[PDB]
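Input: a single structure, listed below in structure tokens.
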Amino acid sequence: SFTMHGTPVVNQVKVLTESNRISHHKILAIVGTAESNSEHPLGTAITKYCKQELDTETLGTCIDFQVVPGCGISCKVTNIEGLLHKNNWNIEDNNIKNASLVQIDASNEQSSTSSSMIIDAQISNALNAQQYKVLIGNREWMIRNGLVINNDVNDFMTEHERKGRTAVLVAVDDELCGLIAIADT
């Protein structure tokens, strides 16, 4: 029923900045953990590639995820260094639903209420990590953001899109940082 088309793979990822603003490993993390969201089968494929290259389950960052089709993604990311044994008490399930009413005239099988939220919990811990603004999109949206591309990589990306496969750059707070080549197959 649900499957009809072939499934893509992440093929090559390459760095495009030195450790001056952000280092290669910290870039690999924020690129991967930004797809811990609920977007597409490629997000599961990115997170699965990245977490296996990290060789640790110790990831998962809050993201202000914004999306434009045919152009790219923009997000605000936090909790990067915060993978640690926390300053808090690890209370992430505790909630007080405080329900009311039960009837014969309503015949069971209702939605069931919810109350409480995960408030104040991160505010003791969040001082352990930097907050970053991160953007992922094609060469044509990067130059429109106010960034500039280099001709050596622009040829490789041109040739990859001519080969009918999907190609994007990564940037952080108005600096270049990497590229991603994904095989449509």
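A short reminder: the numbers here are calculations on the coordinates, not readings from a lab. Cβ atoms come from the backbone with ideal geometry, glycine included; neighbour counts cover every protein chain shown.
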Members of region 58-79 found to be within 21 Å of residue 124 (Cβ to Cβ) and either among the polar types (S, T, N, Q) or over 12 Å from the mean Cα position of the chain (by Cα) (or both), listed by number: 58, 61, 78, 79
Residue within region 123-135 that is hydrophobic (A, V, I, L, M, F, W, C), touching a strand residue (DSSP E or B) at 6+ places or on another chain (Cβ under 7 Å) and in contact (Cβ under 8 Å) with a residue 40 or more places away in the chain present: yes
Among (1) surrounded by 13 or more Cβ atoms within 10 Å (Cβ to Cβ); (2) not polar (S, T, N, Q); (3) not in a helix (DSSP H, G or I) - the single one residue 157 does not satisfy: (3)
Condition met for residue 74 (of a type in the set (S, T, N, Q) and surrounded by 14 or more Cβ atoms within 10 Å (Cβ to Cβ)): yes
Near pairs, Cβ below 9 angstrom, 6+ apart or cross-chain, from region 3-14 (farther than 11 Å from residue 49 by Cα and touching a residue at least 40 places away in the same chain (Cβ under 8 Å)) to any residue that is of a type in the set (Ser, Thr, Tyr) and part of a strand (DSSP E or B): 8/166
Enumeration of residues in region 32-51 that are buried (at least 18 other Cβ atoms within 10 Å of the Cβ), in contact with a helix residue (DSSP H, G or I) (Cβ under 7 Å, 6 or more places away or on another chain) and touching a residue at least 24 places away in the same chain (Cβ under 8 Å): 32, 36, 46
